[PDB]
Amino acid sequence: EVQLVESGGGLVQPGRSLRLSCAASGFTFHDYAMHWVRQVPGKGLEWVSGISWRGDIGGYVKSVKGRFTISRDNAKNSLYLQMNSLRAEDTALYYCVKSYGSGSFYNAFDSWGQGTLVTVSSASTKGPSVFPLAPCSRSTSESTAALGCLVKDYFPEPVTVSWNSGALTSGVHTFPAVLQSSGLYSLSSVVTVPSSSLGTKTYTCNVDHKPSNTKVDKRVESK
């Protein structure tokens, strides 16, 4: 299984620095050129930097090389990006990427990581509050019953929401967060089930926010 695990991103104040890492397995690391591709708000993809198998060929997109430095360590199967003097417009999801086929520096990409989120902002970290969403009464006329979790007033993205530790996935919707006038994010994750099946399970939403080292497991009930 090809794996590309990026880390080191997160929230950083303007002018400070980050080091992104990507640790690779499932292929012969030193047979391939490796690259960083970022997805910036709007969902444009943009190649940022790349480096040949041996570290003697590579390059940079416009307006970054004075601040950004790519490197690789073949003994640790890792690729790196040093990011200095960060600016707001550097905010993006940074993917670690692998050249297809020959491993040529000039090829396109066949494998992608999950990305590390880099946020440049003055605002400080703030952990979320998790509140239950439970209807006041339940209508016999509705074929489904709904409940949820309101994950309110946090910063930055992301939060990951799961139900019953990932056991419950059918009928779950986790909505995109909206930025509030406070500058904090909020979202809600809901699940709907056939009305008569409601009592056959417990329903617990598990909210995780790594930037604040917050982990919550909220059991939702009727009241």
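Residues carry their position along the shown sequence, with the first being 1.
For the pair 201-209 and 9-17, the mean Cα B-factor is higher in 201-209. Per the PDB record, of the two stretches 60-68 and 177-185, 177-185 carries the greater mean B-factor over its C-alpha atoms. Taking the PDB entry at face value, the top CA B factor among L45, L168, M34, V190 belongs to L168.
Of the residues listed, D73, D110, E89, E142, the entry assigns the biggest Cα temperature factor to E142. When all modelled residues of the chain are sorted by CA temperature factor, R138 is found within the highest third.
Remark: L81 belongs to the lowest third of its chain, ranked by C-alpha B-factor as recorded. The deposited CA B-factor of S195 belongs to the middle third of values across its chain. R38: CA B factor lies in the lowest third for its chain, per the PDB record. Sorting the modelled residues of the chain by their CA temperature factor places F131 in the highest third.
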